[PDB]
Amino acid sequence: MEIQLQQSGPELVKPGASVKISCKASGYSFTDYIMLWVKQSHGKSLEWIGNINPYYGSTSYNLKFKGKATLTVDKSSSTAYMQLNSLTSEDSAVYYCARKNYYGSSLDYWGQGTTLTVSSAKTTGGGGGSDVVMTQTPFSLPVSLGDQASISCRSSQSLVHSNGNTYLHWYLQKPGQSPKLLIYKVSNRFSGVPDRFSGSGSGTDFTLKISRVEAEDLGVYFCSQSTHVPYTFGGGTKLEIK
């Protein structure tokens, strides 16, 4: 009908338990896209958990989560599932569902999110390969609406891909809901988006720009790289009022 990922309600489980979060897709062809899951803990904000191809059912994980998260899909119903085992208070956080396209290797449509609280009490309240770190600065940009804003995401290493493209994306998350794609591949405004937003830079130095900051543009700005696996996100930049 129209693009929408419908994640399961909020969970509340005690340690040692397992959970199975659902992600209902509608508005597009389920087997034609990779479903990517993300963990946002407030206190790391964003981490790529894994990918799943609905079509062949093939998975791909971030070492950090492989062995604890199991991604399966069920096709008649157009849904993706992520299961978490042996839960601990560390697992407490918000998990997002995210569809990733091929042309831009970006997350263009996210789920609303599922809050999971791991708790024992009834009611709410060795060598290795280097992963690309994404340093974002500055991480809080206090402003007076109107003035120019320029954030910069630095990549431990070049994001240039063999095919000539550079998979660096900018997302904007408003307190409350899921992140939203602003720019894909360094400087391409996504379906929608304002035009006062422009991404530049190459190699290792990238920059987003808002030559005039408006209120609807206050939140946390996240840059993300998907040229390398694991997919990685910058720390985020808080753009708020003085």
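We call the rigid core whatever largest set of C-alpha positions still superposes within 1.5 Å between the two forms. Numbering starts at 1 and runs along the sequence shown.
Of the two stretches examined, 107-115 and 139-147, the one with higher mean CA deviation in 4 other deposited structures of this protein after a rigid core fit is 139-147.
Farther on average from this form in 4 other deposited structures of this protein lies stretch 43-51, the comparison being between 174-182 and 43-51 by RMS Cα distance after core superposition.
Modelled in this chain, residue 126 is nonetheless absent from a third or more of the other compared entries whose models extend past it on both sides. Missing deposited residues between residue 164 and residue 165: none, as the chain runs unbroken there. Higher mean CA B-factor, judged across 2-10 and 231-239 from the recorded values: 2-10. In this crystal structure, the stretch out of 98-106 and 147-155 whose C-alpha atoms carry the higher mean B factor is 147-155. Going by the entry's values, 211 shows the largest Cα B-factor out of 187, 207, 211, 60.
Of the candidates 136, 124, 92, 114, the one whose C-alpha carries the top B factor in the deposited record is 124. In this PDB entry, residue 203 carries a Cα temperature factor that places it within the middle third of its chain's modelled residues. When the modelled residues of the chain are ordered by their C-alpha B factor, residue 47 lands in the lowest third. Ranked against the other modelled residues of its chain, the C-alpha B-factor of residue 132 as given in the entry falls in the middle third. Per the PDB record, residue ranking by Cα B-factor puts residue 88 in the lowest third of the chain. Among the modelled residues of its chain, residue 193 has a C-alpha B-factor that falls in the highest third according to the deposited record.
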